């Protein structure tokens, strides 16, 4: 079963093995027990070259795991700026909502990724999107006392 080998290769950053497995019929949209695909793992562990190769071979840019997370959610949470830009260029839903009501904007705001917050806003991230507790990205910036984030969100 090459689907499990492609998931391991995408996580470990084995660029050459990703090429070999796809050439031998491996399922690019293979999922692990929690619904994560090779694109989710590549976006989480910061393998930009694997993200681009998977997107040129039919990866669903808006795939969701059992908790509603898209690859854009995970790249915005971990802080991989170049991956966030490649994903948005390939049609990622900037306003995708996971099982906690969080959007990628919420996660980049919580983790202090200010450059990713700016990129998301320039691609139409909804400043009024509330999480399950009713909080928008701006509410997070006021509650935590993050003046730099509050200034970026007031643009």
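Positions refer to the first chain, counted from 1.
Per the PDB record, residue ranking by Cα B-factor puts residue 103 in the lowest third of the chain.
Ranked within its chain, residue 57 lands in the middle third, by CA B factor from the PDB record. Per the deposited record, the Cα B-factor of residue 128 falls in the middle third when ranked against the other modelled residues of its chain. In the deposited entry, the Cα temperature factor of residue 51 places it in the middle third of its chain's modelled residues. Ranked by C-alpha B-factor against the other modelled residues of its chain, residue 70 falls in the lowest third.
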